[PDB]
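File shown: my_file_8.tsv (TSV, C-alpha atoms and all ligand atoms).
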chain	number	residue	atom	x	y	z
A	1	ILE	CA	0.00	0.00	0.00
A	2	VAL	CA	1.48	3.33	-1.14
A	3	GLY	CA	0.23	6.47	0.54
A	4	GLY	CA	-1.79	4.72	3.19
A	5	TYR	CA	-1.68	4.50	6.96
A	6	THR	CA	-0.92	1.94	9.63
A	7	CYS	CA	-4.20	0.18	10.28
A	8	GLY	CA	-3.57	-0.79	13.84
A	9	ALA	CA	-3.29	-4.38	15.11
A	10	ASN	CA	-6.20	-6.59	14.25
A	11	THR	CA	-8.41	-3.73	13.09
A	12	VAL	CA	-8.96	-5.50	9.72
A	13	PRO	CA	-9.96	-8.87	11.15
A	14	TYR	CA	-10.77	-10.57	7.83
A	15	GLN	CA	-7.32	-9.76	6.36
A	16	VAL	CA	-5.11	-12.82	5.87
A	17	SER	CA	-1.46	-13.28	4.92
A	18	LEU	CA	-0.69	-16.16	2.56
A	19	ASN	CA	2.64	-17.72	3.47
A	20	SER	CA	4.78	-20.16	1.53
A	21	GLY	CA	7.91	-19.65	3.63
A	22	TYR	CA	7.40	-15.87	3.47
A	23	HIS	CA	4.37	-13.55	2.93
A	24	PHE	CA	3.46	-13.52	-0.73
A	25	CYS	CA	-0.19	-12.34	-1.01
A	26	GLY	CA	-3.18	-11.22	0.90
A	27	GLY	CA	-6.60	-12.75	1.17
A	28	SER	CA	-9.95	-12.32	2.86
A	29	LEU	CA	-11.60	-14.69	5.34
A	30	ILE	CA	-15.21	-15.28	4.24
A	31	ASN	CA	-16.19	-17.97	6.80
A	32	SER	CA	-14.36	-20.16	9.27
A	33	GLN	CA	-13.26	-22.59	6.58
A	34	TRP	CA	-12.55	-20.38	3.46
A	35	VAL	CA	-10.46	-17.56	2.15
A	36	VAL	CA	-10.86	-15.63	-1.08
A	37	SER	CA	-7.71	-14.37	-2.88
A	38	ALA	CA	-6.48	-13.70	-6.44
A	39	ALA	CA	-5.85	-16.53	-8.88
A	40	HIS	CA	-2.50	-14.97	-9.71
A	41	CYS	CA	-1.54	-15.76	-6.14
A	42	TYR	CA	-1.87	-19.50	-6.70
A	43	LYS	CA	0.89	-21.74	-5.49
A	44	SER	CA	1.21	-25.13	-3.84
A	45	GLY	CA	2.17	-25.15	-0.14
A	46	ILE	CA	0.04	-22.26	1.17
A	47	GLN	CA	-0.25	-21.64	4.91
A	48	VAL	CA	-2.99	-19.13	5.78
A	49	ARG	CA	-2.10	-16.72	8.56
A	50	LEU	CA	-4.99	-15.14	10.39
A	51	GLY	CA	-4.88	-12.56	13.20
A	52	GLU	CA	-1.68	-10.98	11.85
A	53	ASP	CA	-0.39	-7.50	12.40
A	54	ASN	CA	3.42	-7.71	12.35
A	55	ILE	CA	4.02	-10.57	9.96
A	56	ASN	CA	7.57	-11.01	11.25
A	57	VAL	CA	6.77	-11.26	15.01
A	58	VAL	CA	4.49	-13.54	16.93
A	59	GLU	CA	2.23	-11.11	18.88
A	60	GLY	CA	-0.28	-13.55	20.28
A	61	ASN	CA	-3.44	-13.40	18.18
A	62	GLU	CA	-2.31	-15.42	15.15
A	63	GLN	CA	-3.76	-18.58	13.75
A	64	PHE	CA	-1.58	-20.52	11.26
A	65	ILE	CA	-3.66	-23.04	9.25
A	66	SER	CA	-2.54	-24.98	6.22
A	67	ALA	CA	-4.59	-24.91	3.04
A	68	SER	CA	-6.28	-28.23	2.10
A	69	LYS	CA	-7.51	-27.15	-1.30
A	70	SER	CA	-6.93	-24.21	-3.62
A	71	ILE	CA	-9.57	-23.62	-6.34
A	72	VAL	CA	-8.66	-21.23	-9.12
A	73	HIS	CA	-11.64	-19.87	-11.03
A	74	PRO	CA	-12.49	-22.11	-14.00
A	75	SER	CA	-12.17	-19.20	-16.47
A	76	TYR	CA	-9.04	-17.57	-15.01
A	77	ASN	CA	-6.79	-16.21	-17.82
A	78	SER	CA	-3.35	-15.32	-16.56
A	79	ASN	CA	-2.51	-13.28	-19.66
A	80	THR	CA	-5.54	-10.95	-19.42
A	81	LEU	CA	-6.08	-11.42	-15.63
A	82	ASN	CA	-9.78	-11.94	-16.38
A	83	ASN	CA	-11.48	-13.88	-13.56
A	84	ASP	CA	-8.59	-13.24	-11.10
A	85	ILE	CA	-10.11	-15.07	-8.14
A	86	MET	CA	-9.29	-18.17	-6.13
A	87	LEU	CA	-10.79	-19.91	-3.15
A	88	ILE	CA	-8.67	-21.51	-0.45
A	89	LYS	CA	-10.11	-24.07	1.97
A	90	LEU	CA	-8.45	-24.37	5.38
A	91	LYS	CA	-7.48	-27.83	6.74
A	92	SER	CA	-9.16	-26.91	10.02
A	93	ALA	CA	-11.63	-24.19	10.83
A	94	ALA	CA	-10.44	-20.88	12.23
A	95	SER	CA	-11.52	-19.87	15.69
A	96	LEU	CA	-13.52	-16.74	15.09
A	97	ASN	CA	-13.19	-13.86	17.56
A	98	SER	CA	-13.00	-10.09	17.59
A	99	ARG	CA	-9.57	-10.14	15.92
A	100	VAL	CA	-10.23	-13.00	13.40
A	101	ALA	CA	-13.56	-12.53	11.66
A	102	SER	CA	-15.16	-13.12	8.32
A	103	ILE	CA	-16.22	-10.45	5.83
A	104	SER	CA	-19.66	-10.69	4.19
A	105	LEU	CA	-20.07	-11.19	0.46
A	106	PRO	CA	-21.99	-8.52	-1.50
A	107	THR	CA	-25.57	-8.92	-2.57
A	108	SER	CA	-25.09	-6.29	-5.34
A	109	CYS	CA	-22.20	-4.47	-6.91
A	110	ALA	CA	-20.90	-1.18	-5.47
A	111	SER	CA	-21.06	2.05	-7.40
A	112	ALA	CA	-18.41	4.44	-8.59
A	113	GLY	CA	-17.75	7.02	-5.89
A	114	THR	CA	-18.14	4.51	-3.06
A	115	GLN	CA	-15.38	4.68	-0.45
A	116	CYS	CA	-13.63	1.42	0.30
A	117	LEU	CA	-10.85	0.13	2.51
A	118	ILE	CA	-7.91	-1.62	0.83
A	119	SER	CA	-5.30	-3.28	2.96
A	120	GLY	CA	-2.10	-5.35	2.84
A	121	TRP	CA	1.59	-5.86	3.48
A	122	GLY	CA	2.78	-4.83	0.03
A	123	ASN	CA	5.32	-2.32	-1.13
A	124	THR	CA	4.88	1.17	0.30
A	125	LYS	CA	6.98	3.04	-2.34
A	126	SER	CA	5.94	4.14	-5.93
A	127	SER	CA	9.58	4.23	-7.18
A	128	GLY	CA	11.48	2.42	-4.63
A	129	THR	CA	10.91	-0.66	-2.60
A	130	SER	CA	10.12	-0.97	1.08
A	131	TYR	CA	8.00	-3.76	2.51
A	132	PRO	CA	6.25	-3.07	5.84
A	133	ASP	CA	6.07	-5.52	8.67
A	134	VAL	CA	2.66	-4.19	10.00
A	135	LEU	CA	-0.60	-4.07	8.05
A	136	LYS	CA	-1.23	-0.96	5.97
A	137	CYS	CA	-4.60	0.51	4.97
A	138	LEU	CA	-5.92	2.95	2.32
A	139	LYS	CA	-9.35	4.50	1.98
A	140	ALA	CA	-10.09	5.01	-1.69
A	141	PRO	CA	-13.00	5.46	-3.99
A	142	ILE	CA	-14.28	3.23	-6.75
A	143	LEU	CA	-13.67	4.96	-10.11
A	144	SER	CA	-16.09	5.24	-12.98
A	145	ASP	CA	-16.00	2.40	-15.54
A	146	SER	CA	-15.48	5.07	-18.10
A	147	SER	CA	-12.36	6.54	-16.23
A	148	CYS	CA	-11.07	2.95	-15.65
A	149	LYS	CA	-11.32	2.07	-19.41
A	150	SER	CA	-9.80	5.33	-20.41
A	151	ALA	CA	-6.88	4.67	-18.11
A	152	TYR	CA	-6.30	1.11	-19.42
A	153	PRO	CA	-7.62	0.92	-22.93
A	154	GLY	CA	-8.33	-2.56	-24.20
A	155	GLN	CA	-7.67	-4.17	-20.75
A	156	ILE	CA	-10.72	-3.73	-18.48
A	157	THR	CA	-13.22	-6.54	-18.60
A	158	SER	CA	-16.69	-6.73	-17.05
A	159	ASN	CA	-15.01	-8.63	-14.11
A	160	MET	CA	-12.74	-5.70	-13.20
A	161	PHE	CA	-13.06	-2.25	-11.62
A	162	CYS	CA	-10.67	0.51	-10.81
A	163	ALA	CA	-10.25	2.20	-7.46
A	164	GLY	CA	-7.89	4.87	-6.20
A	165	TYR	CA	-6.76	8.26	-7.39
A	166	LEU	CA	-6.04	9.34	-10.93
A	167	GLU	CA	-3.54	11.88	-9.58
A	168	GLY	CA	-1.37	9.06	-8.31
A	169	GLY	CA	0.28	8.79	-4.91
A	170	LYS	CA	-2.22	6.39	-3.20
A	171	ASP	CA	-2.65	2.79	-4.42
A	172	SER	CA	-2.20	-0.92	-3.67
A	173	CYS	CA	1.05	-2.49	-4.85
A	174	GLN	CA	3.08	-5.60	-5.25
A	175	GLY	CA	2.52	-7.85	-2.17
A	176	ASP	CA	-1.02	-6.55	-1.65
A	177	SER	CA	-2.26	-8.90	-4.40
A	178	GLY	CA	-5.18	-11.05	-3.38
A	179	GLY	CA	-6.20	-8.80	-0.51
A	180	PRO	CA	-9.49	-7.15	0.24
A	181	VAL	CA	-11.34	-4.10	-0.99
A	182	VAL	CA	-14.19	-3.67	1.45
A	183	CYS	CA	-17.03	-1.17	0.99
A	184	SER	CA	-19.81	-0.71	3.52
A	185	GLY	CA	-19.02	-3.95	5.19
A	186	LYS	CA	-18.88	-6.13	2.05
A	187	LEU	CA	-16.05	-7.59	0.11
A	188	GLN	CA	-16.29	-5.89	-3.28
A	189	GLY	CA	-12.82	-6.33	-4.64
A	190	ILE	CA	-9.63	-8.32	-4.70
A	191	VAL	CA	-6.29	-6.58	-5.36
A	192	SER	CA	-5.47	-7.75	-8.89
A	193	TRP	CA	-3.19	-5.60	-11.04
A	194	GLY	CA	-2.08	-2.15	-12.27
A	195	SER	CA	0.73	-0.50	-14.14
A	196	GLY	CA	3.36	0.12	-11.57
A	197	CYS	CA	1.95	1.47	-8.21
A	198	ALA	CA	0.53	4.93	-7.42
A	199	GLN	CA	1.30	6.27	-10.92
A	200	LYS	CA	-0.67	9.08	-12.40
A	201	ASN	CA	-3.53	7.93	-14.60
A	202	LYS	CA	-2.84	4.26	-13.63
A	203	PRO	CA	-5.23	3.42	-10.73
A	204	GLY	CA	-5.46	-0.01	-9.18
A	205	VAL	CA	-7.48	-2.68	-10.90
A	206	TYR	CA	-9.55	-5.09	-8.76
A	207	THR	CA	-11.50	-8.27	-9.37
A	208	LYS	CA	-15.23	-7.48	-9.23
A	209	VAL	CA	-16.33	-9.89	-6.44
A	210	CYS	CA	-20.06	-9.27	-6.96
A	211	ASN	CA	-19.86	-11.18	-10.24
A	212	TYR	CA	-18.62	-14.28	-8.43
A	213	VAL	CA	-20.99	-14.72	-5.46
A	214	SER	CA	-22.95	-17.61	-6.96
A	215	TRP	CA	-19.66	-19.40	-7.88
A	216	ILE	CA	-18.30	-18.78	-4.36
A	217	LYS	CA	-21.40	-20.01	-2.62
A	218	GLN	CA	-21.83	-23.07	-4.80
A	219	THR	CA	-18.18	-24.02	-4.59
A	220	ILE	CA	-18.16	-23.72	-0.76
A	221	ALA	CA	-21.40	-25.73	-0.58
A	222	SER	CA	-19.84	-28.58	-2.55
A	223	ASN	CA	-16.32	-28.64	-1.05
B	301	BR	BR	0.51	5.74	9.73
B	302	BR	BR	-18.82	-16.73	9.28
B	303	BR	BR	3.26	-13.68	22.12
B	304	BR	BR	-3.99	-26.99	10.00
B	305	BR	BR	-10.79	-30.48	2.55
B	306	BR	BR	-14.10	-22.04	-18.57
B	307	BR	BR	0.39	-15.91	-18.37
B	308	BR	BR	-4.71	-15.59	-23.89
B	309	BR	BR	-12.26	-28.20	11.82
B	310	BR	BR	-10.54	-17.71	19.93
B	311	BR	BR	-9.83	-11.77	20.38
B	312	BR	BR	-23.13	-15.52	1.59
B	313	BR	BR	-24.01	-5.26	-1.18
B	314	BR	BR	-25.85	-5.94	-9.19
B	315	BR	BR	-13.79	3.04	4.30
B	316	BR	BR	3.84	4.08	4.41
B	317	BR	BR	7.73	0.16	4.73
B	318	BR	BR	-19.53	3.53	-13.63
B	319	BR	BR	-11.63	-0.09	-23.83
B	320	BR	BR	-17.10	-1.17	6.45
B	321	BR	BR	-16.10	-4.07	7.78
B	322	BR	BR	-17.88	-6.30	-6.45
B	323	BR	BR	3.53	9.14	-11.89
B	324	BR	BR	-18.69	-17.29	-12.22
B	325	BR	BR	-23.17	-13.88	-8.93
B	326	CA	CA	2.57	-11.77	13.78
B	327	NA	NA	-0.85	-16.41	-12.79
B	328	NA	NA	-2.03	-21.60	15.17
B	329	NA	NA	-10.06	-13.46	-21.09
B	330	NA	NA	-12.84	7.81	-0.64
B	331	NA	NA	6.47	-1.42	9.27
B	332	NA	NA	-15.64	-8.05	-20.98

Could you rewrite the structure in this file as structure tokens?
Ligand SMILES: [Br-]
Ligand SMILES: [Br-]
Ligand SMILES: [Br-]
Ligand SMILES: [Br-]
Ligand SMILES: [Br-]
Ligand SMILES: [Br-]
Ligand SMILES: [Br-]
Ligand SMILES: [Br-]
Ligand SMILES: [Br-]
Ligand SMILES: [Br-]
Ligand SMILES: [Br-]
Ligand SMILES: [Br-]
Ligand SMILES: [Br-]
Ligand SMILES: [Br-]
Ligand SMILES: [Br-]
Ligand SMILES: [Br-]
Ligand SMILES: [Br-]
Ligand SMILES: [Br-]
Ligand SMILES: [Br-]
Ligand SMILES: [Br-]
Ligand SMILES: [Br-]
Ligand SMILES: [Br-]
Ligand SMILES: [Br-]
Ligand SMILES: [Br-]
Ligand SMILES: [Br-]
Ligand SMILES: [Ca+2]
Ligand code: NA
Ligand code: NA
Ligand code: NA
Ligand code: NA
Ligand code: NA
Ligand code: NA
Amino acid sequence: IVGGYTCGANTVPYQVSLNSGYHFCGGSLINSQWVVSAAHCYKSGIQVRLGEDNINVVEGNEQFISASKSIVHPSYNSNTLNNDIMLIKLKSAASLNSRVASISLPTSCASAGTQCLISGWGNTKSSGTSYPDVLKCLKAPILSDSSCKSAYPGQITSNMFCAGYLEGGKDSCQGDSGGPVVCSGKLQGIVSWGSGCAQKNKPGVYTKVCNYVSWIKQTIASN
């Protein structure tokens, strides 16, 4: 997250860190058994880390649970990043509490102009590199589909939206991938892609979760 703020420990209780020896992506806890992330975050060997603030220090509220199954969307295209969503089932259920909690799925899509909260452990610099140890947060608006297309001609599908600031300076970044965009208490987006981070006229691009609710629910029901 570039241009954001320190969230505070456990103030984003649905935020997960995906670990394969090191943090590599975010995710969102949607019930005790299941996490939603980006398909481009797929790997074998995922350990889901819940209750994290400092990802490098045990602080006492963590739950470390191996993934049993990873389900990449059937129509995921890694060249176009269309359908950039994956479900991860936990080998055992999380213990839900005030610091480890699920985020509701949307019953309709959110509109342009809606403020959302985007969070993660990704890079905090637009030119440089610098990876934080504690969770970072950014409040940002959903952009118009027309502004999004104009920013990334030929690239924005019906399963994508933009959020952030056309001026630059405030965006998600590398290492935030797979994490949440929450608006009015519902998971509306997954950190998916962009051109660099926090560049002018290059806002973040997010998977449009509302298009996937039926697939999420049916897949959880059957797995
Ligand atoms: Br801060
Ligand atoms: Br739940
Ligand atoms: Br401790
Ligand atoms: Br486990
Ligand atoms: Br299973
Ligand atoms: Br397909
Ligand atoms: Br590819
Ligand atoms: Br292709
Ligand atoms: Br269990
Ligand atoms: Br507990
Ligand atoms: Br607690
Ligand atoms: Br639901
Ligand atoms: Br909703
Ligand atoms: Br809708
Ligand atoms: Br917000
Ligand atoms: Br910062
Ligand atoms: Br940093
Ligand atoms: Br729009
Ligand atoms: Br276009
Ligand atoms: Br909220
Ligand atoms: Br919330
Ligand atoms: Br959505
Ligand atoms: Br720039
Ligand atoms: Br679908
Ligand atoms: Br749906
Ligand atoms: Ca920790
Ligand atoms: Na990929
Ligand atoms: Na644990
Ligand atoms: Na495609
Ligand atoms: Na806003
Ligand atoms: Na830090
Ligand atoms: Na399309």

Which of these, A:213, A:117, A:7, A:57, has the shortest distance to residue 136 (chain A) once you count all atoms listed in the file?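 Using all atoms listed in the file, the shortest distance to residue 136 (chain A) belongs to A:7.
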
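Across the structure, CA of residue 187 (chain A) and CA of residue 70 (chain A) are spaced 19.3 Å apart.
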
Do a neighbour search on residue 161 (chain A) at 7 Å with all atoms listed in the file, toss out local chain neighbours closer than 5 positions, and write the hits as a VMD selection string. chain A and resid 145 148 205 to 208

Using all atoms listed in the file, determine which residues lie at most 8 Å from residue 100 (chain A), disregarding the query and same-chain residues fewer than 3 positions distant; provide the list as a list in words. residues 10, 13, 14, 50, 51, 94, 95, 96 and 97 of chain A

Measuring between only C-alpha atoms and all ligand atoms, which one of A:172, A:130, A:33, A:184 shows the shortest distance to ligand BR 317 (chain B)?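 Result for the nearest residue to ligand BR 317 (chain B): A:130.
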
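Checking A:221, A:86, A:210, A:55 one by one against residue 111 (chain A), counting only C-alpha atoms, you find the shortest gap at A:210.
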
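Among all protein and nucleic acid residues, the ones that lie within 8 Å of ligand NA 332 (chain B) when counting all atoms listed in the file are residues 156, 157, 158 and 159 of chain A.
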
Pick out the residues sitting within 9 Å of residue 185 (chain A), and hand them over as a PyMOL selection string; count only C-alpha atoms, and ignore anything fewer than 5 positions along from it in its own chain. chain A and resi 103-106

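Selection of all polymer residues within 10 Å of ligand BR 306 (chain B) on the basis of all atoms listed in the file gives residues 73, 74, 75, 76, 77 and 83 of chain A.
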
Mind listing as a count of residues only all residues within 7 Å of (-16.5, -15.3, 9.2), counting all atoms listed in the file? 8

Between A:209, A:18, A:151, A:25, which is the closest to ligand BR 319 (chain B) once you count only C-alpha atoms and all ligand atoms? A:151

Considering all atoms listed in the file, state which residue in the set A:42, A:214, A:150, A:125 is at the smallest distance from residue 108 (chain A). A:214

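Proximity to residue 8 (chain A) was assessed for A:173, A:137, A:198, A:116 counting all atoms listed in the file; the smallest distance is recorded for A:137.
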
Mind running region 55-106 of chain A against region 20-23 of chain A at 12 Å and telling me each contacting residue's nearest atom pair with the distance in Å (one decimal), counting all atoms listed in the file, chain and number ascending, as a tab-separated table?
residue	atom	partner	partner_atom	distance
A:55	CA	A:23	CA	7.6
A:56	CA	A:22	CA	9.2
A:64	CA	A:20	CA	11.6
A:65	CA	A:20	CA	11.8
A:66	CA	A:20	CA	9.9
A:67	CA	A:20	CA	10.6
